Asks: 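The following block contains the structure, expressed as structure tokens.
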2 protein chains.
Amino acid sequence: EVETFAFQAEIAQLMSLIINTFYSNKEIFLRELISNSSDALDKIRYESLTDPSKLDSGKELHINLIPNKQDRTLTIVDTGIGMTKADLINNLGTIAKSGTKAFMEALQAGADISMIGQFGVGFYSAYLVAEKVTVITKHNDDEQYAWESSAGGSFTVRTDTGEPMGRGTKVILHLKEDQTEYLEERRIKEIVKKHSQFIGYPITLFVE
Amino acid sequence: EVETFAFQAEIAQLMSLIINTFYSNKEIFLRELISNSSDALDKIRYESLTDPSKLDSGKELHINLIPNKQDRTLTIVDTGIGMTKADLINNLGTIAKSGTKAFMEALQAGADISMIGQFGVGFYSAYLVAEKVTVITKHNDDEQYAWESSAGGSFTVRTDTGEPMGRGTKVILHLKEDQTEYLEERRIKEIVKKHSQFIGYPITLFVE
Ligand SMILES: CCC(=O)c1ccc(O)cc1O
Ligand SMILES: CCC(=O)c1ccc(O)cc1O
């Protein structure tokens, strides 16, 4: 059923640093995740140029932001390329061992955490606001998996027996009890206007 | 021998706009190309995690900047993943039809040309300083090709019968007669310090 994995030592370190370093500009987490979704959307778009049957699983390419105040979650859904099980396990598709090394070396050279996505490890900036991230993903090659962590050096992967999604990745952020501002419609609008105003796919902010 | 292709109408338009729009901050072209090389280097690195024989063609991952004042060229060499012939033809691996659409829509909404790489069409910013770009590339799956354009709505692809390179892509910029500043060691250093100081692969500026 549930398989448990250890983060590579470097990714464990990165995460600890994101959770432990005092850093007020937490909002950048949404830019990082939107831009991840935008990159995955490019990949399914590039691939459908040569093989247009890859879109049999969803012809519409978009990003949705779903806050839910009861569950204290913000969900970023994209209909991008999705991850195989192998991708999930290899640090959600990233070059995370050397991306972290490069990042922790930019840090001790005049850079701040906001430059995280330049090293290809943006996803972990989710840990700025979330106490637990759950990642549901579906690639055309493979079945649907749920990936999950509350940091602490381990993550779980299970085949997700719940709701089919067709193709893409849903990042569910279970927010820290003091970061509920990121559930407010006004707050989300502002961040999307400020950090992601020129992203080439519809972004849709759901209402409650 | 030499096959000639037509740029897609949108890419033709983008290029014309890059060549024709008055825009003084031409230097951003080097940031765009370095960051393309860095992305390709990530791809061969991600792929060698699962299959370490993909590095049989070059174990070292780096970017080199080679000015040559006699030929009036600046060459950006990377040992990244390389392009197949198909990739070369599909707009050098980019989503260029819709990336341009997204870009030309950011333009008439408060954005300037420097935001070009956010739409995945950074490569064409080469036309800010070059009268002709020649692209030599080698992917592990395929042979070695030269791709070439002086804009005007057409590009050529030939199998490159010259010097083997092992794996990667070399972008040769044949500079406009008034943009030779980009051949100066001081000028290149400054741009690399200002726009690309935290890129996670060695960048080496060759000397003449
Ligand atoms: C591999 C690309 C992918 O599916 C993905 C990864 C991280 C993320 O925050 C969003 C995504 O869509
Ligand atoms: C497909 C990635 C690739 O080989 C490449 C493309 C454009 C570029 O300026 C440099 C590159 O290395």
Side-chain angles (χ1 to χ4, degrees), chain A residues 8 31 34-35 38-51 61 80-81 83-87 89-121 193-203, chain B residues 8 31 34-35 38-51 61 80-81 83-87 89-121 193-203:
Chain A
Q8 303 195 17
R31 179 193 77 219
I34 283 178
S35 103
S38 178
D39 298 350
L41 282 167
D42 296 344
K43 283 172 206 145
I44 194 57
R45 183 161 261 173
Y46 181 72
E47 292 217 327
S48 65
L49 300 178
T50 48
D51 182 19
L61 309 185
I81 193 143
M83 286 177 267
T84 69
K85 213 194 140 161
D87 296 328
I89 305 168
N90 283 76
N91 307 308
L92 289 97
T94 60
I95 57 143
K97 164 171 218 133
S98 65
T100 308
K101 173 204 152 83
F103 181 45
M104 264 145 138
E105 274 183 75
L107 275 205
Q108 58 186 143
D112 76 304
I113 290 187
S114 81
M115 294 189 84
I116 179 163
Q118 298 167 216
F119 306 99
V121 293
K193 205 198 185 203
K194 180 191 204 171
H195 290 289
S196 316
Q197 68 159 170
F198 306 126
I199 289 272
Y201 296 99
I203 296 176
Chain B
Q8 303 195 17
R31 179 193 77 219
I34 283 178
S35 103
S38 178
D39 298 350
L41 282 167
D42 296 344
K43 283 172 206 145
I44 194 57
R45 183 161 261 173
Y46 181 72
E47 292 217 327
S48 65
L49 300 178
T50 48
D51 182 19
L61 309 185
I81 193 143
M83 286 177 267
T84 69
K85 213 194 140 161
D87 296 328
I89 305 168
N90 283 76
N91 307 308
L92 289 97
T94 60
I95 57 143
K97 164 171 218 133
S98 65
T100 308
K101 173 204 152 83
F103 181 45
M104 264 145 138
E105 274 183 75
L107 275 205
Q108 58 186 143
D112 76 304
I113 290 187
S114 81
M115 294 189 84
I116 179 163
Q118 298 167 216
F119 306 99
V121 293
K193 205 198 185 203
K194 180 191 204 171
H195 290 289
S196 316
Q197 68 159 170
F198 306 126
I199 289 272
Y201 296 99
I203 296 176

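Values reported hereafter were calculated over all heavy atoms of this structure, with side chains retained and with hydrogens, waters and symmetry mates removed. To find a chain, count down the sequence lines: A is the first, B the second, and so on, and within it residues start at 1.
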Asks: Which pairs pass side chain to side chain donor-acceptor pair (under 3.5 Å) with one or both residues in residues 109-120 of chain B, sequence neighbours excluded?
Replies: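 Qualifying pairs: B:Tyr23-B:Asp112, B:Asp112-B:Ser114.
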Asks: Looking at A:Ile199, A:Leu49, A:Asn90, which one has more heavy-atom pairs under 4.5 Å with chain B than the rest?
Replies: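 So the answer, after comparing A:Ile199, A:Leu49, A:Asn90, is A:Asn90.
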Asks: Locate the shortest heavy-atom distance separating B:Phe119 from A:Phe198; write the atom from each residue and the value.
Replies: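 It is CE2-O, 3.0 Å.
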Asks: Measure distances from A:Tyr46 to the heavy atoms of chain B and classify the residue's part below 4.5 Å as side chain, backbone, both or neither.
Replies: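 Both backbone and side chain of A:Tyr46 come within 4.5 Å of chain B.
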Asks: Looking at B:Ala86, B:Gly200, B:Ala106, which has the largest count of heavy-atom pairs under 4.5 Å with chain A?
Replies: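 Option with the greatest count: B:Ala106.
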Asks: In a table with atom names and distances, give each donor-acceptor pair under 3.5 Å that connects a side chain of residues 91-105 of chain B to protein atoms at least two apart or in another chain.
Replies:
from     : atom 1 : to      : atom 2 : distance (Å)
B:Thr94  : OG1    : B:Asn91 : O      : 2.7
B:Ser98  : OG     : A:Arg45 : NH1    : 3.1
B:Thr100 : OG1    : B:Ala96 : O      : 2.5

